[PDB]
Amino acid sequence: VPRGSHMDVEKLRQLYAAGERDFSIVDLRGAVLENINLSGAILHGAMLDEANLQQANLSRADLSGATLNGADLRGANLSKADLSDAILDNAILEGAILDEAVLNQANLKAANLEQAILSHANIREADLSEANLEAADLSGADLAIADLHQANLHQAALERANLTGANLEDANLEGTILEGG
């Protein structure tokens, strides 16, 4: 498993296919990882900034502490993945599936999560300031003490979501269970 040098995507595929799951701290910056299946991979602390992860299968992956600044995760599946303490500022997660993921203390400033599925996710203390959550499914999610200032939650599903202590200043709440309240 290459460490200290940039990981080739073909090498990553071969290793995963051989049964390897520990890709902690690997350097995949800018890598073209679209459609890759890395389900269950350990990517703890990995450098995935700017990566193309369109429609990647990252279900049950451990991405805790990884850096994903500006990464393209459009349509990726992160069901039950761990993204605690990850950095996803300015990442693109449109249509991504993060059902039952954990994102506690993640950084998602100005991330695009339009139409993302975050049902029953742990999103406690995340920075979602200026994020786009238009039509995102946050059903039953925990956003305790999250920063949502200036976030777009237009038509988001906040039913049964916990927003206790969250910063909702200048957030768009039109179409949600909170509209008009």
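Sequential numbering from 1, following the sequence displayed.
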| query | finding |
| --- | --- |
| Segment of higher mean CA temperature factor, 66-74 or 145-153 | 145-153 |
| Between the two ranges 172-180 and 2-10, the one averaging a larger CA B factor in the entry | 2-10 |
| Among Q54, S139, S59, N132 - the residue whose C-alpha B-factor is largest in the record | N132 |
| Record-listed C-alpha B factor of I117: chain third | lowest |
| Third of the chain, ranked by Cα B-factor, where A166 sits | highest |
| Record-listed C-alpha B factor of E125: chain third | highest |
| Chain-wide C-alpha B factor ranking for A41, given as lowest, middle or highest third | middle |
